[PDB]
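Here's the structure we're looking at; comments come further down.
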Amino acid sequence: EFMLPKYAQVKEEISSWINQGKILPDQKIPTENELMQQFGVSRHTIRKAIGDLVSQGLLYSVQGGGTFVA
Amino acid sequence: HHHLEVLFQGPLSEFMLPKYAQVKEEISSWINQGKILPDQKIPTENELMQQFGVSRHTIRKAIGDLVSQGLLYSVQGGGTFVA
DNA sequence: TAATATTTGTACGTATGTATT
DNA sequence: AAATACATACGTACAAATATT
């Protein structure tokens, strides 16, 4: 099957920006609001995707600052 | 004398942890202390909600972090277990 | 065997707090 | 000082997998 939950598709796409070198280490990804409107999903879904990627070390978050390629 | 677990409140400096972090600390203290063994089931999310006096969201954040650490694993419809 | 209940998973809603810009 | 941005945390509903009856 080809189906993945929405947070997993957001994870895959963000991961693809990294890997592919479109976002370099210590560069900022789009804001939560920006990702929400880009994927047409809730803030919770974005935060789940980002939280997963942070847990596996792909990203880090700075409160009030942004989220960045690690 | 069984039932239920306190966690320190906070609207009121540097002794403080967020609720999900306190729940993480307690659950991980059950492991380590051998109160729960590998492949033994921890309480359900609803039991944890009632016993820590927090939302399902907070319980799921705590457990999610601990699974991410490799301390616990989940089977949906089954339960959550000590790794 | 079939149906129902339980339990975790996904997705979203809303409010408020805190750090950075 | 105000606005922006991530963090914490309360809630809802329904899906999917497992357990129970």
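Residue numbers begin at 1 in each chain, while the letters A, B, ... track the order of the sequences. Values below: every heavy atom of this structure, side chains too, minus hydrogens, waters and symmetry copies.
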Next on the checklist: Among residues at least two apart in sequence or on other chains, which ones pass salt bridge (charged side-chain N to carboxylate O under 4.0 Å, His left out) with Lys24(B)?
Outcome noted: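 For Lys24(B) the salt bridge (charged side-chain N to carboxylate O under 4.0 Å, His left out) partners, ignoring immediate neighbours, are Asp65(B).
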Could you state the [atom1]-[atom2] distance from [X] to [N], rounded to the nearest angstrom?
X: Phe52(B); N: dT8(D); atom1: CZ; atom2: P; result: 18 Å
X: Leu4(A); N: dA11(C); atom1: CG; atom2: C1'; result: 15 Å
X: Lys19(B); N: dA9(D); atom1: NZ; atom2: P; result: 6 Å

Checklist entry - Which one, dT8(D), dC10(D), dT10(C), comes nearest to the side chain of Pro18(B)? => result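 Comparing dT8(D), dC10(D), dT10(C) against the side chain of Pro18(B), the answer is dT8(D).
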Heavy atoms within less than 4.0 Å of DNA chain C: which residues of [range] have one? Give them sorted by number.
range: residues 22-29 of chain B; answer: none
range: residues 26-37 of chain A; answer: none
range: residues 54-70 of chain B; answer: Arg56(B), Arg60(B)

Checklist entry - Think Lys41(B) forms a cation-pi with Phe81(B), using NZ or CZ under 6.0 Å from the six-ring centre and within 45 degrees of its axis? => result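 No cation-pi geometry.
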Checklist entry - Should the sugar of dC6(D) be assigned to the north (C3'-endo side) or south (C2'-endo side) class according to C1'-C2'-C3'-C4'? => result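 With a negative torsion about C1'-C2'-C3'-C4', the sugar belongs to the south class.
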Item to check | Sugar pucker assignment (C1'-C2'-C3'-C4' positive north, negative south) for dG17(C) | outcome: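 South pucker for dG17(C); the sign of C1'-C2'-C3'-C4' is negative.
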Next on the checklist: Less than 4.5 Å apart, side chain to side chain, heavy atoms only: is that true for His44(A) and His57(B)?
Outcome noted: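 In short, these two side chains touch, coming nearer than 4.5 Å.
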Item to check | Stepwise side chain to side chain contact (heavy atoms under 4.5 Å, CB included) check, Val41(A) with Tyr7(A) | outcome: CA-CA 9 Å; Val41(A) 299; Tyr7(A) 75 85; over 6 Å; no
When you group the ILVMFWY residues by side-chain heavy-atom contacts below 4.5 Å and let the links chain together, are [Y] and [X] in the same group?
X: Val54(A); Y: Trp17(A); value: yes
X: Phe52(B); Y: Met49(B); value: yes
X: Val82(B); Y: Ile63(B); value: yes

Which atom of [X] lies closest to which atom of [Y], heavy atoms considered:
X: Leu35(A); Y: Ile29(A); answer: CD1-CD1, 4.2 Å
X: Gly70(B); Y: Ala83(B); answer: O-CB, 3.2 Å
X: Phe8(B); Y: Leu17(B); answer: CE1-N, 3.8 Å

Checklist entry - Does a donor on one side chain sit under 3.5 Å from an acceptor on the other, for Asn33(A) and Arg43(A)? => result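 Yes, because at least one side-chain N or O of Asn33(A) sits under 3.5 Å from a partner of the opposite role on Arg43(A).
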Next on the checklist: Take a 6.0 Å sphere around NZ of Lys22(A) and say whether it holds more than 12 heavy atoms from other residues, nucleotides or ligands.
Outcome noted: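 No, because the 6.0 Å sphere around NZ of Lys22(A) holds 12 heavy atoms or fewer from other groups.
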Checklist entry - Does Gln9(B) CD have over 12 foreign heavy atoms under 6.0 Å away? => result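 Incorrect, the count does not exceed 12.
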Next on the checklist: With rounding to the nearest 0.5 angstrom, report the CG to CD distance, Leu7(B) to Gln22(B).
Outcome noted: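 Here the rounded value is 5.0 Å.
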Item to check | Rounded distance (nearest 0.5 Å) linking atom CG of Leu71(B) with atom CD1 of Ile27(B) | outcome: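 Those atoms lie 9.5 Å apart.
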Which pairs, protein N/O on one side and nucleotides 15-21 of chain C N/O on the other, fall under 3.5 Å?
unit_1	atom_1	unit_2	atom_2	d
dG17(C)	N2	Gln63(A)	NE2	3.2
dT18(C)	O4'	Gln63(A)	NE2	3.2
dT18(C)	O2	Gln63(A)	NE2	2.9
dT20(C)	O4'	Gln63(A)	O	3.4

Item to check | Relative orientation of the end axes in the helix from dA2(C)-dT21(D) to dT21(C)-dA2(D), expressed as an angle to the nearest 10° (five pairs per end) | outcome: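 End-to-end axis angle: 10°.
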Item to check | Steps toward side chain to side chain contact (heavy atoms under 4.5 Å, CB included) verdict (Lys61(B), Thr58(B)) | outcome: CA-CA 5 Å; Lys61(B) 166 64 158 160; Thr58(B) 291; 5.6 Å; no
